[PDB]
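> here is my input, please return the structure:
(2 chains)
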Protein chains: 2
Amino acid sequence: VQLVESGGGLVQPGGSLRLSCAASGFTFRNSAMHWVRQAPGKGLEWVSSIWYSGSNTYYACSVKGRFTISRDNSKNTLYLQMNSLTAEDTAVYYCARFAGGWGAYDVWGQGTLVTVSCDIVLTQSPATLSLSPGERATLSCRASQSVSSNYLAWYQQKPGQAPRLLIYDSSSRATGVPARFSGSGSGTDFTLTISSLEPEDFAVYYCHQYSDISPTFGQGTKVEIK
Amino acid sequence: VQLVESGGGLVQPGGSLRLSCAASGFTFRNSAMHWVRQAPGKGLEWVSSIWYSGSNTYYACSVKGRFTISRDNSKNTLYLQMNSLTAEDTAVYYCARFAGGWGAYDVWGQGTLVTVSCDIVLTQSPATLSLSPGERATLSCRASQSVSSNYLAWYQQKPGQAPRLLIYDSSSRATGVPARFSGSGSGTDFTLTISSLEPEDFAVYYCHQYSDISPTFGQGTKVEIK
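Numbering: from 1, shown residues only, chains lettered A, B, ... in the order given. Dropping the coordinates below:
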């Protein structure tokens, strides 16, 4: 009684792969068959299920509209057709026989890895600054490698609004930006200093490097009232 | 000087939408134009870039192979064609003019929300258990609503291996599982107890409800050596 899995491998986003699972040792046509996946370092996640011709196939929302489950009972084979793949679909994929009250997922395929794949990382600190008006906020943006030509910008974002450019070229204030916003630093260490905070200044602030063709943003620092 | 965005809305996974951005106030035909997005409650993320005809278009790996950036300079309009949409593409999408060392993203569209959408949540606690051989491990699995027929299972998973069924129907220890594994509980409160831990028992353990057509797993508990 076993499920012999086949397929997988490394593809580019938008590509497609077909997985298969050959069953033996049980009456295949009577069993419901599921796909389950597990992203690297993550937990198990149901993907899709299929039972008998005329009963419903089901899909997790994560794959619905792109993946197709099917079976060929004469071949004792379960399939998963994976179309328009995304990097987020990277995972080990398992087929499993579903035994319901007689055993949940009691037979598993060995799993096959599907990897979908095609960089300056900005780390902002701290994540949150709880401060009062009149005080000074100092925001740090550290880059995993040197940011060429000080091509670093800071944006302010209020809730429900588009980002607003504050600083570009690490230290140049954009039009309309008050002197109490000050950018500085170089190489891998950049800071935004906001002196004598006003209530309007409480917002999220993102740093942005445009020193290469793969632009990156920090994860933001939220400055909030105390 | 502005970017007037339009489009967006709510679609189902695998569907498609086209966004657009009409520019005025600057020489659009010569501009570098980017799309940037922001998942709800999350940070800014570059999506795609387009510039003069003798240059290439670029895409973040998150959208490459599914999205297409384009421009119609005679209409001063930028487009993003979004195909095979995914729940993870849910985000506010911004167009922006890119000015490099003369201003980074210095003009922003106001943003439009794209939502892509179509549940018994299992909460395992604690997340990790540091124990030594001979001690007893007690693992909890809490369901957000009642698990019909107590259709709840436990799996053991070792690194590089497929999950192994231990318990189903809340308390049925599968054939071949040692008696030191014991499942109990009902309704929304389930427990796996591993008495007299042996070296082979250190692993990750998942619970799994199969009481409806949308199977779910807990996020696992790692039982690890102290």
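> now residue A:146. Nearest residue, chain neighbours left out?
Counting by Cβ to Cβ, 6 or more residues apart in numbering or on different chains, residue A:187 is the residue found nearest to residue A:146 once chain neighbours are left out, at 4.9 Å. (C-beta placed from N, C-alpha, C; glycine too.)
> who's in contact with the one you found?
A:143, A:146, A:147 (Cβ atoms under 8 Å, 6 or more residues apart in numbering or on different chains).
> ok, those vs chain B, which is closest?
Distances from chain B to the contacts of residue A:187, taken as Cβ to the nearest Cβ, are shortest for residue A:147 (12.0 Å).
> need the contact list for the closest one.
Residue A:147 neighbours (Cβ under 8 Å, 6+ apart): A:120, A:170, A:186, A:187, A:188, A:190, A:209, A:211.
> which one of those sits closest to residue B:7?
Within the contacts of residue A:147, proximity to residue B:7 (Cβ to Cβ) peaks at residue A:209, which comes in at 28.6 Å.
> doesn't residue A:185 make contact with the closest one?
No. Contact criterion Cβ atoms under 8 Å: residue A:209 and residue A:185 do not qualify, at 11.8 Å.
> those two: who's more crowded?
residue A:209 (26 against 19; other Cβ atoms under 10 Å in any protein chain shown).
> buried members of the contacts of residue A:147 into ChimeraX, please.
Buried subset of these, written as a ChimeraX selection, criterion 16 or more other Cβ atoms under 10 Å in any protein chain shown:
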select /A:120,170,190,209,211
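> turn the contacts of residue A:147 into TSV, columns for distance to residue A:99 and secondary structure.
Shown next, in TSV, are the contacts of residue A:147 (distance: Cβ to Cβ, whole Å; DSSP: H, G, I helix; E, B strand; the rest coil):
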residue	distance to residue A:99	secondary structure
A:120	50	coil
A:170	61	coil
A:186	63	strand
A:187	60	coil
A:188	55	coil
A:190	57	strand
A:209	53	strand
A:211	56	coil
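> please name the nearest non-neighbouring residue to the residue nearest the centre of chain A.
Per Cα atoms, centre = their mean, the C-alpha nearest to the average position across chain A is that of residue A:88, at 6.0 Å. Closest residue to residue A:88 apart from its sequence neighbours, by Cβ to Cβ, 6+ apart: residue B:88 at 5.3 Å.
> shouldn't the one you found be within a helix?
Yes. Per DSSP: H, G, I helix; E, B strand; the rest coil, residue B:88 lies within a helix segment.
> surely it and residue A:87 touch.
No. The pair residue B:88 / residue A:87 is not scored as a contact, 9.4 Å apart, by Cβ under 8 Å.
> gap between the two ends of stretch A:118-136?
Chord length of stretch A:118-136, first to last residue, is 42 Å (Cα to Cα, to the nearest Å).
> now do the contacts for residue A:139.
Applying Cβ under 8 Å, 6+ apart to residue A:139 gives the contacts A:124, A:125, A:129, A:154, A:191, A:192, A:193, A:194, A:205, A:207, A:221, A:223.
> in what element of secondary structure is it found?
strand A:137-143 (DSSP states H and E).
> pull out the buried positions in that strand.
By 16+ other Cβ under 10 Å, the buried positions in strand A:137-143 come out as A:137, A:139, A:140, A:141, A:142, A:143.
> what is the neighbour count of the residue nearest to residue A:83 when sequence neighbours are not counted?
Distance criterion Cβ to Cβ, 6+ apart; nearest residue to residue A:83, sequence neighbours excluded, is residue A:16 at 4.7 Å. Residue neighbour count, defined by other Cβ under 10 Å, stands at 12 for residue A:16.
> how does chain A divide into domains?
Annotated domains of chain A cover A:1-118, A:119-226 [curated CATH domains].
> want to throw those domains into a markdown table with distance to residue B:104?
Formatted as a markdown table, those follow (distance: least, Cβ to Cβ, whole Å):
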| stretch | distance to residue B:104 |
| --- | --- |
| domain A:1-118 | 24 |
| domain A:119-226 | 4 |
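> right, and residue A:25 touches residue A:3 too?
No. Using Cβ under 8 Å, residue A:25 makes no contact with residue A:3, being 9.3 Å away.
> between these two, who's got more neighbours?
Taking other Cβ under 10 Å, residue A:25 and residue A:3 do not tie; residue A:3 has more neighbours (23 against 11).
> can you tell me the element that one falls in?
Per DSSP H and E, residue A:3 falls inside strand A:2-6.
> now do the following helix or strand past that strand: which elements does it pack against?
Moving toward the C-terminus from strand A:2-6, the next helix or strand (DSSP H and E) is strand A:9-11. Under the contact definition 3 or more Cβ pairs under 8 Å, 6 or more residues apart in numbering or on different chains; DSSP states H and E, strand A:9-11 sits against strand A:112-116.
> which outside residues touch the strand it packs on?
Contacts for strand A:112-116 (Cβ under 8 Å, 6+ apart): A:5-13, A:15, A:17, A:19, A:82, A:85-93.
> buried residues, that strand. List them.
If you call a residue buried by 16+ other Cβ under 10 Å, then strand A:112-116 has these buried ones: A:112, A:114, A:116.
> just stretch A:54-73 next, same as before
Buried residues in stretch A:54-73, counted by 16+ other Cβ under 10 Å: A:58, A:59, A:60, A:62, A:63, A:64, A:65, A:66, A:67, A:68, A:69, A:71.
> restrict the residues you listed to those near chain B?
Filtering those for proximity to chain B (criterion: Cβ under 8 Å from any Cβ of the partner chain) leaves A:58, A:60, A:62, A:63, A:64, A:65, A:66.
> next up, the contacts around the second one.
This means residue A:60. Here residue A:60 is in contact with A:45, A:46, A:47, A:48, B:214 (Cβ under 8 Å, 6+ apart).
> looking at the domains of chain A, which is nearest to residue B:181?
Using Cβ to Cβ, the domains of chain A put domain A:1-118 closest to residue B:181, at 14.5 Å.
> name all residues that make contact with the residue nearest to the centre of chain A.
Residue A:88 touches A:39, A:62, A:116, B:62, B:86, B:88, counting by Cβ under 8 Å, 6+ apart.
> try residue A:208
A:122, A:152, A:153, A:154, A:155, A:215, A:216, A:217, A:218, B:44, B:104, B:105.
> which ones are touching the last one?
Going back to what we said before, that points to residue B:105. Listed by Cβ under 8 Å, 6+ apart, the contact set of residue B:105 reads A:153, A:155, A:163, A:165, A:208, B:34, B:36, B:96, B:97, B:98, B:99.
> I appreciate the help and will end here.
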